[PDB]
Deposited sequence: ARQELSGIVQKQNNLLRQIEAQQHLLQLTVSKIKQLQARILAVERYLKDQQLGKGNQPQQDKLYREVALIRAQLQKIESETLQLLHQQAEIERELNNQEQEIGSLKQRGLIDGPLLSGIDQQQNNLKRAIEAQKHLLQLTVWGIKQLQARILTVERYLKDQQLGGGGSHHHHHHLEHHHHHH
C-alpha cells in the first residue's frame, strides 16, 4: 500500500545520504594521501642529498592515520553494500507481485541502478585509496631503514 512504497522511497533516500557522507570522508582521505605523497618525495630527495627526523616522525604518524581512515571507509563501504542488497530484495519482492507500477516502478528501478553504480564507483575509489596508502607505507619503510642504518 502507500506505506510500503513510501518506505522503499525513504530507504532509497537514506542510502543516498549514506553514500553522500561516505563520499565526503573518501575525498578527504584522498586529499591527505596526495599531500603525503608530495611530503615523502621531499624526504626521499633530501636523503639523496633533526628537522629531517621530525618530518619523518610527522609523516609516519600521518600515514598511520590515513591507514586507519581507509579501514573505516572499508567497513562503512561494507555496511552500505549490505543495505543496498537488502533494498534490492525488498524492491524485488514487491515487483514480483506487481505492486509497484507506473512512473514509480521505472523511477525506483532507475534509483536502484543509480545507487548501485555510485556504490561500485566508491568501491573503486576505495581500492585506489588502499593502493595509495600501501605505496606510501613501502616508501616510508625504506626511509626508516636508512635512518636506523645511519
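- Coordinate coverage of the deposited sequence breaks at 50 to 60, 162 to 182, these segments carrying no C-alpha atoms.
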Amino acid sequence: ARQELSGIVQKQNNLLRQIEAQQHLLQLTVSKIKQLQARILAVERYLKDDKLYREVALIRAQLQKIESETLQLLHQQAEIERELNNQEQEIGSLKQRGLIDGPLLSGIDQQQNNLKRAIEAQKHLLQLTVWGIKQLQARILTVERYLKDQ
From here on, numbers count along this sequence of modelled residues.
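- Between 31 to 39 and 50 to 58, it is 50 to 58 that carries the larger average Cα temperature factor according to the deposited entry.
- Two stretches are in play, 89 to 97 and 40 to 48, and the higher mean C-alpha B-factor belongs to 40 to 48.
- The deposited CA B-factor of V130 belongs to the lowest third of values across its chain.
- In the PDB entry, a CA B factor belonging to the lowest third of its chain's modelled residues is recorded for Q122.
- In the deposited entry, the Cα temperature factor of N13 sits in the middle third of values across the chain's modelled residues.
- In this PDB entry, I19 carries a Cα temperature factor that places it within the lowest third of its chain's modelled residues.
- Ranked against the other modelled residues of its chain, the C-alpha B-factor of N114 as given in the entry falls in the lowest third.
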